[PDB]
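Below: the structure, in structure tokens.
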Amino acid sequence: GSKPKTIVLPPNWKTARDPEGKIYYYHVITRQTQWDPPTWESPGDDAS
């Protein structure tokens, strides 16, 4: 199924939480940030 995992690429392309438990997500391409539905997890990048 499309169940995501906490997969950390060195800087971006990934989703993670900071010490406060709040998620932040970046995609490596432009080092862009999103407002897209909070997801601490990661199907790589899909509808998880």
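Chain labels run A, B, ... following the order of the structure tokens; each chain numbers its residues from 1, and ligands are numbered from 1 in the order shown.
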Practice prompt. Give me the residues within 8 Å of segment 17-27 of chain A as a PyMOL selection string, counting only C-alpha atoms and dropping any in the same chain fewer than 6 places off.
Written response: chain A and resi 33-34+38-40
Item to complete: For atom CA of residue 14 of chain A and atom CA of residue 44 of chain A, determine how far apart the two atoms are, in Å to one decimal place.
Response: 7.7 Å
Practice prompt. Excluding residue 8 of chain A and residues on its chain fewer than 5 positions from it, collect all residues at most 10 Å away from it, counting only C-alpha atoms, and give them as a PyMOL selection string.
Written response: chain A and resi 13-16+41-42+44
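You will find atom CA of residue 1 of chain A at 28.8 Å from atom CA of residue 30 of chain A.
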